[PDB]
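Novice: One structure, pasted below without further comment.
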Amino acid sequence: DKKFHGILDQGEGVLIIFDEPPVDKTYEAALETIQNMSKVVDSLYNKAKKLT
Amino acid sequence: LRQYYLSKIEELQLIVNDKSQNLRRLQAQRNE
Amino acid sequence: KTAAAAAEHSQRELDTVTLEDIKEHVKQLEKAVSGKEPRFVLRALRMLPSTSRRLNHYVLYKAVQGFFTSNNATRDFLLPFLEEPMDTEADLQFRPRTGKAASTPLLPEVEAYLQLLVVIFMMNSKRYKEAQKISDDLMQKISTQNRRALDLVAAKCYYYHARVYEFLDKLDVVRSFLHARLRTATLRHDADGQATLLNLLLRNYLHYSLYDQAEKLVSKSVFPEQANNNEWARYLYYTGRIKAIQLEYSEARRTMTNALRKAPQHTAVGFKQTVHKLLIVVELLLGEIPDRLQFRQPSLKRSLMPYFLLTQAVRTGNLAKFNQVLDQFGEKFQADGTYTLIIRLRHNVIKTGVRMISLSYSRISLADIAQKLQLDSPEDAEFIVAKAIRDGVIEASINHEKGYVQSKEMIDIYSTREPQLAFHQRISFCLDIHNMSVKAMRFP
Amino acid sequence: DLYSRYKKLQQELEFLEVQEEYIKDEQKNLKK
Amino acid sequence: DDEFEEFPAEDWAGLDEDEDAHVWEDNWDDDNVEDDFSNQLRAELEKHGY
Amino acid sequence: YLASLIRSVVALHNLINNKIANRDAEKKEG
Amino acid sequence: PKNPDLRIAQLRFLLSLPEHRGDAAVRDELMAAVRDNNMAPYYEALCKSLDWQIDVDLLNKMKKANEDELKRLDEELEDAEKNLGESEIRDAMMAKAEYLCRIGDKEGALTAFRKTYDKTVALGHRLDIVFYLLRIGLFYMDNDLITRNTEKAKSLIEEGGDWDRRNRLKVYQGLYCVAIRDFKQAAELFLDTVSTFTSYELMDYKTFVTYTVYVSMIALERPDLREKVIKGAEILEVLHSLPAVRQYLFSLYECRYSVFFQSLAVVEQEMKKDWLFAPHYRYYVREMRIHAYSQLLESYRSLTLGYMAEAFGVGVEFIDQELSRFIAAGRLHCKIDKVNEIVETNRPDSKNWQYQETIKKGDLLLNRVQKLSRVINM
Amino acid sequence: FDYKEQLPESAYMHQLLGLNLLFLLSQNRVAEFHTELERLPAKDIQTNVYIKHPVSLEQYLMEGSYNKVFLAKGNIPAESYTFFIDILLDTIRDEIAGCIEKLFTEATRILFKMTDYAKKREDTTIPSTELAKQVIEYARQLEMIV
């Protein structure tokens, strides 16, 4: 349930505690930009197809 | 020498045109 | 019969529209000649199939008489060879060319355009003798001159000539002209002529299964990258087939998928079927399950249904099912052109299984793997796993001391030094697109 | 003729090259 | 815009009555050989009960 | 990726518009 | 109730494909069809089922009698009164079409409805006609007709809807559950679980909620579904009388897998003999198994197969077999280690997944860019 | 291969060619092995006592079923062929020898002559220069011919 960050290794009967790497915004912004450019590419495709 | 002399003329005519419209493109954005 | 009158009216309308369109392409040719801009001739080639059949023999004769009003040697020689039409009183006077226009001789571009139009007409007519003769005359007419503008249409001219000669099974005869004309184009660097000529030269061997010759002609030849999309697709298909028969599989599959993607989305139903079929066989041979999405496409359904059966059988790994499917569909397989690779599959089936096992597990006892792959021997399992590692399909080192089959390690190069190499190709391609775009800005 | 045409096109190619560089230099200077 | 008449256009081969296929979209693992699930647990369980 | 994509799309659009404009002008001239 | 019964449709499927369920439901279906003189469907019903009995005449006599009565009545009304548009003549022959749908075949009913549509001048009286037509189409399982009718009703006419769309939501959901598209449309289109109209097509509110819970589980295993189904007010309220469904849902949620598996077995058995068994019988079961394994595997990195088997009860070897097949499938990130009977969770991390998504999105965009560039610069 | 369809061909369609096949791998290459295998038009799968074995070998070796042949490798229903069957059976040895390079003294049971076989026989530096080259090329193309 994401009450806290961690993981369990049943192999050794050990519980691991750590934190989740926060610095990730670059790739999210990049993926959004890619989708926007995909829409623009579709638009230019439409312009070219409508007008040779 | 129509086989060759004409061979060279085309070999240096079609190509040289590409350096004609290229001059405009360099001329176009320059003014812009 | 009112139907006959309606059909005659429709033919007259089509002929008038075709005359107008022919005048339009003639104007395009004149503009391209004046300005050294073959964009119009590329447009004419692109729209060439659309104008394949809208006239009649008498309409063509009258059009030629009206157009080649110039004392053209080509028309003068061709007219006597053409069968003389029966005496007809109805002879419309078509003189679009008067004064300077009539005096100016008709350009070889226009002459070749009309000749290839007659080629298409009597092609649908299946007039093989006259097609061949006209092609030869066109060949002499092209060879007399050395103008690049002509090759633009001459390429499709060669294509149609070759298509005619294929019916006659005269590929062994064409080969001489094909080779010579390819040599000439190469000595002149005619991109489109070279593309089509290389394509047909390859096609000959492909139909005649001279695969060593084809390999020579593909490796030693050079394909310019500026070629058309369609010719690129054909080249990729033929190269993929040659490689796949050549027992090299990874490059063949990569190229075949690239060509299939490049291929037209809605047109060329049969050709797309063939390319998909060869790619399907290659993928199955390379131990990868194909995409089930294709096998449900309405456009490529029944030509593959046997191949859907084959892929299901191979995945299930049932020898009886594979044998029965072969026994039931061998004739179709031969017809397609995949019997050799399928015979290869018939014993290479176990490779896909070893790949799947070595991909799903991380350490398997050798006896367990033997039980998994129905070999009935730990030694056989060891040999097979060594084979899997050797061929480069799995990346696990086998330890014949504790029955271990150790797979790869933890985080691989794909998060340490791989992403940079990955991005370099993308950036190079994007910059290339931009540079081509800017350099292709405009003529004026 | 057939050699004079070739000489004319050679000279013209030379003189177009002698401009395809000047325009670019002017473009750099104007960007500055 | 090309007819791309490479040569062949498959003629539907064994064109017959439409199987009606299925509008659902299906992956590869869809069709297998199995003995259901409830029977699976049933041939299962026993011994100590699975 | 981002810079190359942006510049590529921008260049494509610029070429599209320039060619469209010049083709229409030349066609309408005569 | 209204419309040719979807209950009759389910009985048709039962006396149909289910090859072991033909014992007493056959009797119920036959003795319910004999009443009301549905000669058209009864033809094919007898063709598939037992040979025949001498009752077809004894029913179709009065069936044609009533048909002739209605035809004479409405035709006489039309001839006597020249009223056009929304006239009692149209009411009457639409009633005739209603009877024709109720007893006779599909083609005649569709022709009748097409004929009666042209006279429609009331938007509500046309929306209800479209509802009837889609009900019949669902009854006979004609995908093309269903899609055409649904799209038409939704788009062309759904502008002054007096909250009839709730019914359109339910019919959309029936369609998208017939189609294996169980996730997006099938989940969202069960937001209107507050259905005052215990619709005809709905076998009952209990069956509606059971379908809602099954589709909710399949579309959202535990992806913050609890805020919609686990804590769902009306969902729970009805659930209290459906002990089996409550057991299944709460077993998946609370992580009681030994009982989740028995719940899934019972759900598969029950869905077998259902009018939505074709697209789920094995697909829904497999997806649920995968989601259960995935949920358990999360929160863990290494799991001894003994522990996994025990959590699932027992059947260690079966756990190996299923895990192997599923991992091979291309999902459920994990790698089995036979020599020690331990599994490992090799889940990609945030950066790795982000980059492996960016690479492919960029691949698609660059291919598109290249194709466009080739198209231009002819 | 019929430079020209003639009429009398009674040896390579049977006792021969298939030896070329032997040589089509005898060395170790395969290209040809699988290339010409289109000529034998169709009787290849139709069999003829000939190609059959010359072909069975690779079908019974490519998988890795090395033993699939040694055992009854003596199935040579044609001309000697022995002139390479062993010449090829030799490669297998060297190939199977390939084995997690780097069975202790028991040797490979598919081959084991005794001990005459015993006689038989970036990571950590980030690439600076190459990356500098590639990046500077990026910059060059970015700022270049206006």
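Starting from 1 in every chain, residues are counted up; chains themselves are A, B, ... following the order of the structure tokens, and ligands are numbered from 1 as listed.
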Write out as number ranges by chain which residues come within 12 Å of range 150-158 of chain G when counting only C-alpha atoms, dropping same-chain ones fewer than 6 positions away.

Specialist: G: 122-135, 137-138, 143-144, 164-176

Novice: The selected residues should be written to file as a JSON list (two decimals), in the first residue's frame (atoms: C-alpha atoms).

Specialist:
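Here's the written file result.json:
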[["chain", "number", "residue", "atom", "x", "y", "z"],
["G", 122, "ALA", "CA", -40.76, 12.44, -31.23],
["G", 123, "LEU", "CA", -37.14, 12.26, -30.11],
["G", 124, "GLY", "CA", -38.09, 10.19, -27.09],
["G", 125, "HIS", "CA", -40.24, 7.88, -29.19],
["G", 126, "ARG", "CA", -37.24, 7.34, -31.46],
["G", 127, "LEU", "CA", -34.73, 6.84, -28.66],
["G", 128, "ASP", "CA", -36.97, 4.13, -27.26],
["G", 129, "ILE", "CA", -37.19, 2.54, -30.70],
["G", 130, "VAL", "CA", -33.40, 2.49, -30.92],
["G", 131, "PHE", "CA", -33.30, 0.95, -27.45],
["G", 132, "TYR", "CA", -35.64, -1.80, -28.59],
["G", 133, "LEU", "CA", -33.60, -2.40, -31.72],
["G", 134, "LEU", "CA", -30.36, -2.66, -29.77],
["G", 135, "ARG", "CA", -32.03, -4.99, -27.30],
["G", 137, "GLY", "CA", -29.57, -7.05, -31.65],
["G", 138, "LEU", "CA", -27.98, -8.05, -28.36],
["G", 143, "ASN", "CA", -22.11, -7.42, -33.65],
["G", 144, "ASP", "CA", -22.45, -5.23, -36.74],
["G", 164, "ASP", "CA", -32.06, 8.11, -20.63],
["G", 165, "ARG", "CA", -28.30, 7.81, -21.06],
["G", 166, "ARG", "CA", -28.10, 5.71, -17.90],
["G", 167, "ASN", "CA", -29.82, 3.05, -20.00],
["G", 168, "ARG", "CA", -27.40, 3.83, -22.81],
["G", 169, "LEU", "CA", -24.57, 3.43, -20.32],
["G", 170, "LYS", "CA", -25.86, -0.01, -19.35],
["G", 171, "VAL", "CA", -26.25, -1.12, -22.98],
["G", 172, "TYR", "CA", -22.81, 0.22, -23.84],
["G", 173, "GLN", "CA", -21.44, -1.81, -20.96],
["G", 174, "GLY", "CA", -23.21, -4.94, -22.10],
["G", 175, "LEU", "CA", -21.65, -4.45, -25.51],
["G", 176, "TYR", "CA", -18.14, -3.77, -24.20]]

Novice: Could you go through chain E and tell me which residues DSSP, when run on the backbone, assigns to helix (DSSP H, G or I), listing them as a PyMOL selection string?

Specialist: chain E and resi 28-30+38-43

Novice: For chain G, report every residue with an atom at most 10 Å from chain F (counting only C-alpha atoms), formatted as a VMD selection string.

Specialist: chain G and resid 358 to 359 362 365 to 366 369 to 370 372 to 373 376 to 377

Novice: Return the neighbours of chain D among the residues of chain H, cut-off 10 Å, counting only C-alpha atoms, as a list in words.

Specialist: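 Listing them in order of chain and number gives residues 144, 145 and 146 of chain H.
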
Novice: For a quick test of understanding: name the residues of chain C lying within 9 Å of chain G when counting only C-alpha atoms, and present them as a ChimeraX atom specification.

Specialist: /C:39,42-43,228-229,262,356-357,359-365,368,403-404,410,414-415,419,422-423,426,429-430,433,436-437,440-441

Novice: Listing only residues of chain B within 12 Å of range 171-187 of chain C, what is the closest atom pair and its distance in Å (to one decimal) for each, using only C-alpha atoms, sorted by chain and residue number ascending, as JSON lines?

Specialist:
{"residue": "B:4", "atom": "CA", "partner": "C:187", "partner_atom": "CA", "distance": 11.8}
{"residue": "B:7", "atom": "CA", "partner": "C:187", "partner_atom": "CA", "distance": 10.1}
{"residue": "B:8", "atom": "CA", "partner": "C:187", "partner_atom": "CA", "distance": 12.0}
{"residue": "B:11", "atom": "CA", "partner": "C:187", "partner_atom": "CA", "distance": 10.8}

Novice: Write the residues of the selection above to a file with N, CA, C and O atoms, as a PDB file, in the first residue's frame.

Specialist:
ATOM      1  N   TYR B   4      31.719  11.501 -75.776  1.00  0.00           N
ATOM      2  CA  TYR B   4      32.441  11.998 -74.613  1.00  0.00           C
ATOM      3  C   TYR B   4      32.239  13.488 -74.391  1.00  0.00           C
ATOM      4  O   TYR B   4      31.790  13.894 -73.316  1.00  0.00           O
ATOM      5  N   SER B   7      29.410  13.943 -73.001  1.00  0.00           N
ATOM      6  CA  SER B   7      29.415  13.304 -71.694  1.00  0.00           C
ATOM      7  C   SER B   7      29.900  14.271 -70.628  1.00  0.00           C
ATOM      8  O   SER B   7      29.310  14.364 -69.547  1.00  0.00           O
ATOM      9  N   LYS B   8      30.966  15.009 -70.918  1.00  0.00           N
ATOM     10  CA  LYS B   8      31.484  15.941 -69.931  1.00  0.00           C
ATOM     11  C   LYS B   8      30.533  17.107 -69.708  1.00  0.00           C
ATOM     12  O   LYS B   8      30.376  17.565 -68.570  1.00  0.00           O
ATOM     13  N   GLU B  11      27.986  16.143 -67.442  1.00  0.00           N
ATOM     14  CA  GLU B  11      28.631  15.874 -66.167  1.00  0.00           C
ATOM     15  C   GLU B  11      28.964  17.149 -65.417  1.00  0.00           C
ATOM     16  O   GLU B  11      29.178  17.099 -64.202  1.00  0.00           O
TER      17      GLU B  11
END

Novice: Would you pick out the contacts of residue 77 in chain G at 10 Å or less, using only C-alpha atoms, so that residues sharing its chain but fewer than 6 positions from it are not included, and give the list as a PDB file with N, CA and C atoms, in the first residue's frame?

Specialist:
ATOM      1  N   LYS G  71     -52.849  -6.691 -37.690  1.00  0.00           N
ATOM      2  CA  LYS G  71     -52.698  -6.100 -39.012  1.00  0.00           C
ATOM      3  C   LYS G  71     -54.008  -5.495 -39.480  1.00  0.00           C
ATOM      4  N   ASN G  83     -54.860  10.448 -40.793  1.00  0.00           N
ATOM      5  CA  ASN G  83     -53.874  11.062 -39.914  1.00  0.00           C
ATOM      6  C   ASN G  83     -52.488  10.490 -40.186  1.00  0.00           C
ATOM      7  N   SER G  87     -49.595   9.507 -35.529  1.00  0.00           N
ATOM      8  CA  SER G  87     -50.990   9.128 -35.401  1.00  0.00           C
ATOM      9  C   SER G  87     -51.149   7.782 -34.700  1.00  0.00           C
ATOM     10  N   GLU G  88     -52.355   7.564 -34.174  1.00  0.00           N
ATOM     11  CA  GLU G  88     -52.662   6.279 -33.564  1.00  0.00           C
ATOM     12  C   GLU G  88     -52.441   5.144 -34.551  1.00  0.00           C
ATOM     13  N   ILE G  89     -52.521   5.431 -35.850  1.00  0.00           N
ATOM     14  CA  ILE G  89     -52.142   4.434 -36.846  1.00  0.00           C
ATOM     15  C   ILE G  89     -50.684   4.026 -36.658  1.00  0.00           C
ATOM     16  N   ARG G  90     -49.799   5.006 -36.448  1.00  0.00           N
ATOM     17  CA  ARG G  90     -48.400   4.676 -36.202  1.00  0.00           C
ATOM     18  C   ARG G  90     -48.232   3.962 -34.870  1.00  0.00           C
ATOM     19  N   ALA G  92     -50.317   1.945 -33.552  1.00  0.00           N
ATOM     20  CA  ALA G  92     -50.803   0.586 -33.748  1.00  0.00           C
ATOM     21  C   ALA G  92     -49.819  -0.266 -34.539  1.00  0.00           C
ATOM     22  N   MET G  93     -49.294   0.245 -35.660  1.00  0.00           N
ATOM     23  CA  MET G  93     -48.425  -0.638 -36.436  1.00  0.00           C
ATOM     24  C   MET G  93     -47.068  -0.780 -35.759  1.00  0.00           C
TER      25      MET G  93
END

Novice: When you get a sec, could you note down which chain C residues fall within 9 Å of chain B, using only C-alpha atoms, as a ChimeraX atom specification?

Specialist: /C:36,146-148,188,439,441-444

Novice: Just to confirm, what's the straight-line distance from CA of residue 14 in chain E to CA of residue 343 in chain C in Å (one decimal)?

Specialist: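 Here the two named atoms are 23.4 Å from each other.
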
Novice: With only C-alpha atoms considered, list every residue of chain C at most 8 Å from chain E, as a list in words.

Specialist: residues 46, 47, 49, 230, 267, 268, 269, 270, 271, 273, 291, 292, 293, 302, 303 and 316 of chain C

Novice: I need the residues from that last selection saved to file as an mmCIF file, in the first residue's frame (with N, CA, C and O atoms), if you can.

Specialist:
data_model
loop_
_atom_site.group_PDB
_atom_site.id
_atom_site.type_symbol
_atom_site.label_atom_id
_atom_site.label_comp_id
_atom_site.auth_asym_id
_atom_site.auth_seq_id
_atom_site.Cartn_x
_atom_site.Cartn_y
_atom_site.Cartn_z
ATOM 1 N N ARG C 46 4.830 9.130 -60.829
ATOM 2 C CA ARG C 46 3.985 8.776 -59.695
ATOM 3 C C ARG C 46 2.542 8.563 -60.129
ATOM 4 O O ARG C 46 1.891 7.601 -59.704
ATOM 5 N N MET C 47 2.030 9.445 -60.980
ATOM 6 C CA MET C 47 0.674 9.334 -61.492
ATOM 7 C C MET C 47 0.588 8.438 -62.714
ATOM 8 O O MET C 47 -0.491 8.307 -63.296
ATOM 9 N N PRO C 49 0.638 5.072 -63.154
ATOM 10 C CA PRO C 49 -0.330 3.965 -63.129
ATOM 11 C C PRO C 49 -1.759 4.429 -63.309
ATOM 12 O O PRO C 49 -2.567 3.708 -63.909
ATOM 13 N N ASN C 230 9.537 3.059 -53.060
ATOM 14 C CA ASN C 230 9.080 1.783 -53.605
ATOM 15 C C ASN C 230 10.256 0.893 -53.991
ATOM 16 O O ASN C 230 10.290 -0.300 -53.665
ATOM 17 N N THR C 267 -1.884 -0.481 -50.109
ATOM 18 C CA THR C 267 -1.715 -1.023 -51.448
ATOM 19 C C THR C 267 -0.809 -2.253 -51.424
ATOM 20 O O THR C 267 -0.209 -2.601 -50.405
ATOM 21 N N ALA C 268 -0.718 -2.917 -52.577
ATOM 22 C CA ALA C 268 0.125 -4.096 -52.746
ATOM 23 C C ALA C 268 -0.251 -5.182 -51.741
ATOM 24 O O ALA C 268 0.544 -5.589 -50.896
ATOM 25 N N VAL C 269 -1.492 -5.651 -51.850
ATOM 26 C CA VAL C 269 -1.981 -6.661 -50.915
ATOM 27 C C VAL C 269 -1.173 -7.948 -51.043
ATOM 28 O O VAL C 269 -0.668 -8.488 -50.052
ATOM 29 N N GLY C 270 -1.022 -8.452 -52.268
ATOM 30 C CA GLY C 270 -0.280 -9.686 -52.452
ATOM 31 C C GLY C 270 1.175 -9.564 -52.042
ATOM 32 O O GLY C 270 1.711 -10.439 -51.356
ATOM 33 N N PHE C 271 1.840 -8.487 -52.466
ATOM 34 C CA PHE C 271 3.246 -8.306 -52.118
ATOM 35 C C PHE C 271 3.430 -8.198 -50.613
ATOM 36 O O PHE C 271 4.360 -8.786 -50.047
ATOM 37 N N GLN C 273 1.540 -9.523 -48.496
ATOM 38 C CA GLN C 273 1.346 -10.879 -48.006
ATOM 39 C C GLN C 273 2.641 -11.667 -48.092
ATOM 40 O O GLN C 273 3.031 -12.351 -47.139
ATOM 41 N N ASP C 291 4.257 -11.777 -34.164
ATOM 42 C CA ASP C 291 3.176 -10.960 -33.632
ATOM 43 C C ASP C 291 1.845 -11.571 -34.043
ATOM 44 O O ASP C 291 1.562 -11.710 -35.237
ATOM 45 N N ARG C 292 1.030 -11.938 -33.057
ATOM 46 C CA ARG C 292 -0.282 -12.487 -33.358
ATOM 47 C C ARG C 292 -1.224 -11.451 -33.948
ATOM 48 O O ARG C 292 -2.291 -11.822 -34.447
ATOM 49 N N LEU C 293 -0.860 -10.172 -33.906
ATOM 50 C CA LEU C 293 -1.739 -9.145 -34.446
ATOM 51 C C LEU C 293 -1.942 -9.322 -35.944
ATOM 52 O O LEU C 293 -3.059 -9.161 -36.450
ATOM 53 N N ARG C 302 -6.206 -15.170 -45.305
ATOM 54 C CA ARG C 302 -6.228 -16.524 -45.838
ATOM 55 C C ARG C 302 -4.905 -16.930 -46.469
ATOM 56 O O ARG C 302 -4.580 -18.122 -46.480
ATOM 57 N N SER C 303 -4.136 -15.973 -46.991
ATOM 58 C CA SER C 303 -2.816 -16.290 -47.520
ATOM 59 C C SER C 303 -1.849 -16.714 -46.425
ATOM 60 O O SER C 303 -0.759 -17.208 -46.732
ATOM 61 N N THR C 316 3.684 -24.845 -29.806
ATOM 62 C CA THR C 316 3.332 -25.981 -28.971
ATOM 63 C C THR C 316 4.405 -27.053 -28.993
ATOM 64 O O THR C 316 4.426 -27.904 -28.098
#

Novice: At most 12 Å is the cut-off: for each residue in chain H with any atom that close to an atom of chain F, write down the nearest atom pair and the distance in Å rounded to one decimal, counting only C-alpha atoms, chain first then increasing number, as JSON lines.

Specialist:
{"residue": "H:138", "atom": "CA", "partner": "F:4", "partner_atom": "CA", "distance": 10.2}
{"residue": "H:139", "atom": "CA", "partner": "F:4", "partner_atom": "CA", "distance": 11.9}
{"residue": "H:141", "atom": "CA", "partner": "F:4", "partner_atom": "CA", "distance": 11.3}
{"residue": "H:142", "atom": "CA", "partner": "F:4", "partner_atom": "CA", "distance": 9.6}

Novice: With a distance cut-off of 12 Å and only C-alpha atoms, select the neighbouring residues of residue 39 in chain E, excluding the residue or stretch itself and same-chain residues fewer than 2 positions from it, and output the selection as a CSV table (one decimal) with N, CA, C and O atoms, in the first residue's frame.

Specialist:
chain,number,residue,atom,x,y,z
E,34,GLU,N,-5.3,-27.3,-22.4
E,34,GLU,CA,-5.4,-27.3,-21.0
E,34,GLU,C,-6.6,-28.0,-20.6
E,34,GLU,O,-7.5,-28.4,-21.4
E,35,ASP,N,-6.8,-28.3,-19.3
E,35,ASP,CA,-7.9,-29.0,-18.7
E,35,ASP,C,-8.7,-28.2,-17.7
E,35,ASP,O,-9.0,-28.6,-16.6
E,36,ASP,N,-8.9,-26.9,-18.1
E,36,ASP,CA,-9.7,-26.0,-17.2
E,36,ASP,C,-9.0,-25.7,-15.9
E,36,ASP,O,-7.8,-26.2,-15.8
E,37,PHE,N,-9.6,-25.0,-15.0
E,37,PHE,CA,-9.0,-24.6,-13.8
E,37,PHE,C,-9.5,-25.4,-12.6
E,37,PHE,O,-8.8,-26.0,-11.8
E,41,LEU,N,-7.3,-27.6,-9.9
E,41,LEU,CA,-7.2,-27.7,-8.5
E,41,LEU,C,-7.7,-29.1,-8.0
E,41,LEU,O,-7.2,-29.6,-7.0
E,42,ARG,N,-8.7,-29.7,-8.7
E,42,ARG,CA,-9.2,-31.0,-8.3
E,42,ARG,C,-8.2,-32.1,-8.5
E,42,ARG,O,-8.0,-32.9,-7.5
E,43,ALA,N,-7.7,-32.3,-9.7
E,43,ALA,CA,-6.5,-33.2,-9.8
E,43,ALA,C,-5.4,-32.8,-8.9
E,43,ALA,O,-4.6,-33.6,-8.6
E,44,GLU,N,-5.4,-31.5,-8.5
E,44,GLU,CA,-4.6,-31.0,-7.4
E,44,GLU,C,-5.3,-31.3,-6.1
E,44,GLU,O,-6.0,-32.3,-6.1
E,45,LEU,N,-5.1,-30.5,-5.1
E,45,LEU,CA,-5.5,-30.9,-3.7
E,45,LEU,C,-5.0,-32.3,-3.4
E,45,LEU,O,-3.8,-32.5,-3.4
G,262,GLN,N,-9.6,-20.5,-4.6
G,262,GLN,CA,-10.9,-21.2,-4.7
G,262,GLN,C,-12.0,-20.2,-5.2
G,262,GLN,O,-12.9,-20.7,-6.0
G,265,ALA,N,-11.6,-20.2,-8.9
G,265,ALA,CA,-12.1,-21.4,-9.5
G,265,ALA,C,-13.6,-21.3,-9.6
G,265,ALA,O,-14.2,-21.7,-10.7
G,266,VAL,N,-14.3,-20.9,-8.6
G,266,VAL,CA,-15.8,-20.8,-8.6
G,266,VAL,C,-16.2,-19.8,-9.6
G,266,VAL,O,-17.2,-20.0,-10.3
G,268,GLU,N,-14.7,-18.9,-12.4
G,268,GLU,CA,-14.5,-19.5,-13.7
G,268,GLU,C,-15.6,-20.5,-14.0
G,268,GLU,O,-16.2,-20.4,-15.1
G,269,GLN,N,-15.9,-21.3,-13.1
G,269,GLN,CA,-17.0,-22.3,-13.3
G,269,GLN,C,-18.3,-21.5,-13.6
G,269,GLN,O,-19.0,-21.9,-14.6

Novice: Neighbours of residue 19 in chain H within 12 Å (only C-alpha atoms; same-chain residues fewer than 5 positions away dropped), as a list in words?

Specialist: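 Once the nearby chain positions are removed, what remains is residues 11, 12, 13, 14, 24, 25, 26, 33, 50, 51, 52, 53, 54, 55, 57, 76, 77, 78, 79, 80, 81, 82, 83, 84, 85, 87 and 88 of chain H.
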
Novice: Could the residues of chain A that have an atom at most 8 Å from chain F be listed as a tab-separated table, each with its closest atom pair and the distance in Å to one decimal, counting only C-alpha atoms and ordered by chain and ascending residue number?

Specialist:
residue	atom	partner	partner_atom	distance
A:30	CA	F:2	CA	6.9
A:33	CA	F:2	CA	7.8
A:34	CA	F:2	CA	7.7
A:37	CA	F:6	CA	7.7
A:41	CA	F:9	CA	7.4
A:44	CA	F:13	CA	7.1
A:48	CA	F:16	CA	7.7
